[PDB]
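1. here is the sequence, then the experimental structure:
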Amino acid sequence: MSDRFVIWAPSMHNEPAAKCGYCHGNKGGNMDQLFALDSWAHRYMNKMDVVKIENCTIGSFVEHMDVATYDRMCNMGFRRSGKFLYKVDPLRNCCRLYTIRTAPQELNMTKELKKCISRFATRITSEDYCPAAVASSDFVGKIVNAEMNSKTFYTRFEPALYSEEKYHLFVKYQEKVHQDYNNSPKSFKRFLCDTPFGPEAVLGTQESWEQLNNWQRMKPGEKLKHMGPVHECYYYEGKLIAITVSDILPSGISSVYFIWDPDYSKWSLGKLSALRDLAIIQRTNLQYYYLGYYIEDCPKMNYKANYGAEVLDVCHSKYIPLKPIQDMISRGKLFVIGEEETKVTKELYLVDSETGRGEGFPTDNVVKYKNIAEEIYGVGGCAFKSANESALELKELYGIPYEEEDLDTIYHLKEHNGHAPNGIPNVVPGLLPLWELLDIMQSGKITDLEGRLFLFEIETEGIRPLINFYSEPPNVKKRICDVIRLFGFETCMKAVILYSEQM
Ligand SMILES: [Zn+2]
């Protein structure tokens with residue numbers, strides 16, 4: 001094997017809203033922004049006391065997964081945290097969450113960038129050097145020219161292995177900026193050293209490292225050979241000032257975290273790191289730059305939109321610029337693009353093929369897109385009923401343990417305090433719709449999986465293939481269906497299921 005998708009069975013984990021990483025379960029007097037649609041807000045005004053607002057998370061733990069498949073899932077809407085690959089339910093969560101991607105060519109120009117670049121260039125180079133005539137707009141040229149003629153500043157690229165000065169800088173930054181005191185080396189290794197990717201991507205070849213370090217000197221027309229995650233360190237007079245942790249994807253570069261020395265707040269290393277990453281993308285032959293998830297309301301995450309980008313649309317797998325949909329996404333409410341040509345009688349047919357899974361979509365600029373979120377996911381939304389008869393049909397015929405629920409389980413009440421909800425709700429945006437799944441079953445498309453799908457039993461401590469779909473126990477069928485719903489038929493085509501009833 002070289003690229004088998006080996007993970008655990010996805011499960012729905014719920015935690016109280018106070019543990020929210022951005023709102024902490026509160027946003028002030030704007031109770032509407034806690035919800036996703038105003039209709040549910042008006043519905044639950046009477047039930048504000050018994051509303052069990054949580055921080056919805058869906059995901060699973062990964063053991064081994066290829067970098068290209070990671071790119072596919074990152075374009076789908078997932079980014080991993082440590083070794084935990086997950087994404088939130090857009091509808092039932094507490095805070096909104098989208099993925100943004102940026103191109104190096106479409107950067108805007110502001111006075112702050114000019115000032116910071118000028119200060120950095122003045123600092124690193126010698127005072128006797130005369131600056132060239134290259135315009136400040138060409139930031140890549142400015143950065144390269146500044147780095148060519150400096151002796152006190154240099155950066156290096158190394159794998160993600162553990163060290164001691166890195167941990168010292170990490171704890172210094174923690175206790176100085178976030179007042180986190182219980183940091184431990186094991187916690188640091190878990191946070192920034194666990195790697196689902198294989199060792200080949202982790203350690204790489206020395207020639208690849210040489211090319212990555214010589215990135216300022218690569219002529220266009222060559223291919224960047226290295227793949228996987230890397231760490232970038234910013235030396236200055238022989239001592240560390242910052243650490244950049246990121247990864248190299250075939251379609252771009254993503255960012256996860258950043259640590260800098262507290263005493264060097266003068267240089268404002270965050271913006272400099274972002275600009276240097278953009279310069280790396282431009283000088284290299286990569287094309288995009290995934291900044292992470294995007295949250296609108298939260299003031300801590302708003303800075304990511306300064307560079308300008310396009311926020312992902314979960315229900316269509318398309319990328320659209322933020323400018324046309326600014327009013328649509330204002331105040332943090334879920335949206336789905338739509339046109340007057342097509343009605344909303346049934347759910348959106350998510351094309352479960354390569355043409356519609358984590359790849360770009362050239363939109364029709366003639367039509368004026370309009371919000372249809374309240375049409376398909378509103379009080380009179382047709383999703384709930386269709387889900388109901390679909391679940392009834394699957395349970396009646398194929399025996400999959402699907403069950404029906406009343407048209408109010410969008411936000412469960414205090415009754416779920418007795419039993420923690422572990423199942424994936426039927427009504428969830430950006431997922432495979434139930435009726436399409438029923439079409440897959442009834443058309444015999446499920447007959448493709450058998451012969452090359454692998455199911456691992458912890459009880460037997462062995463790996464077994466899928467021979468007959470219908471002969472499996474009902475729980476196995478439920479888990480397989482959930483995986484196919486969450487990640488896709490093509491993804492499950494070349495995956496390995498670590499299924500166990502021991503848990
Ligand atoms: Zn929240």
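-> Okay, I see it. Numbering: from 1, shown residues only.

2. centroid-wise, who is the farthest residue in this structure?
-> Relative to the centre of the chain, the most outlying C-alpha is that of residue 128, 46.1 Å out, by Cα atoms, centre = their mean.

3. how near is that one to residue 203?
-> When Cβ to Cβ, to the nearest Å is the yardstick, residue 128 and residue 203 sit 41 Å from each other. To be clear about C-beta, it is placed using only N, CA and C from the backbone, and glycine gets the same treatment.

4. residue in the stretch 151-300 of the chain nearest to the ion?
-> Among all residues of the stretch 151-300 of the chain, residue 298 sits closest to the ion, at 8.7 Å; criterion: Cβ to the ion.

5. right, and that residue touches residue 24 too?
-> No. Taking Cβ atoms under 8 Å as the definition, residue 298 is not a contact partner of residue 24, at 10.5 Å.

6. the more surrounded of these two?
-> residue 298 (17 against 13; other Cβ atoms under 10 Å).

7. partner residues bridging residue 80?
-> Residues found in beta-bridge contact with residue 80 (criterion: DSSP bridges) are residue 85.

8. cool, residue 249 as well?
-> Those that pair with residue 249 in a beta bridge, by DSSP bridges, are residue 252.

9. what is the burial count for it?
-> Around residue 249 sit 21 other residues, with neighbours defined as other Cβ under 10 Å.

10. ok, and the closest non-adjacent residue to residue 196?
-> residue 62 (4.2 Å; Cβ to Cβ, 6 or more residues apart in numbering).

11. mind listing what the one you found touches?
-> Residue 62 sits next to 6-8, 80, 83-85, 196 when contact means Cβ atoms under 8 Å, 6 or more residues apart in numbering.

12. would you list the residues you listed in CSV and tack on neighbour count and distance to the ion?
-> Written out in CSV, the entries for the contacts of residue 62 read as follows (neighbours: other Cβ atoms under 10 Å; distance: Cβ to the ion, whole Å):
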residue, neighbour count, distance to the ion
6, 18, 32
7, 21, 26
8, 17, 26
80, 22, 21
83, 15, 24
84, 14, 18
85, 22, 21
196, 22, 27
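
13. just the CA coordinates of the strand or helix carrying residue 254, formatted as PDB?
-> Under the criterion of DSSP states H and E, residue 254 resides in strand 252-260. The C-alpha atoms that make up strand 252-260 are tabulated as PDB, following Å, rounded to 0.1, in the frame of the first residue of the first chain:
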ATOM      1  CA  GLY A 252      -1.100  25.800  -2.600                       C
ATOM      2  CA  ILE A 253       0.000  26.300   1.000                       C
ATOM      3  CA  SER A 254      -2.000  26.200   4.200                       C
ATOM      4  CA  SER A 255      -1.200  27.800   7.600                       C
ATOM      5  CA  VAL A 256      -1.900  26.400  11.100                       C
ATOM      6  CA  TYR A 257      -0.200  28.500  13.800                       C
ATOM      7  CA  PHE A 258       2.500  31.000  14.500                       C
ATOM      8  CA  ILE A 259       4.800  31.800  17.500                       C
ATOM      9  CA  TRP A 260       7.000  34.800  17.900                       C
END
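
14. got the buried residues for the next helix or strand after that strand?
-> Taking DSSP H and E as the definition, the helix or strand that follows strand 252-260 towards the C-terminus is helix 269-283. Within helix 269-283, the residues that qualify as buried by neighbour count (16 or more other Cβ atoms under 10 Å) are 269, 271-283.

15. following helix 269-283, which helix or strand shows up next?
-> strand 289-294.

16. contact partners of that following strand?
-> Counting by Cβ under 8 Å, 6+ apart, the neighbours of strand 289-294 from elsewhere in the structure are 74, 79, 97-104, 249, 252-256, 277-278, 281, 301, 304-305, 307, 309, 311.

17. could you give the number of residues near residue 490?
-> 14.

18. what does residue 150 give?
-> Residue 150, neighbours per other Cβ under 10 Å, totals 14.

19. how near is it to the ion?
-> Per Cβ to the ion, to the nearest Å, residue 150 is found 44 Å from the ion.

20. so what's that residue up against?
-> By Cβ under 8 Å, 6+ apart, the residues touching residue 150 are 124-126.

21. and what of residue 69?
-> So residue 69 contacts 3, 5, 491 (Cβ under 8 Å, 6+ apart).

22. and the residue of the stretch 151-300 of the chain closest to the ion, what element?
-> Element membership for residue 298, per DSSP H and E: none, as it lies in no helix or strand.

23. how many neighbours does the residue lying closest to it once chain neighbours are set aside have?
-> Among residues not flanking residue 298 along the chain, residue 22 sits closest, at 4.2 Å (Cβ to Cβ, 6+ apart). The number of residues packed near residue 22 is 17, by other Cβ under 10 Å.

24. for residue 22, what are its contacts?
-> Under the criterion of Cβ under 8 Å, 6+ apart, the contact partners of residue 22 comprise 95, 295, 298, 300-301.
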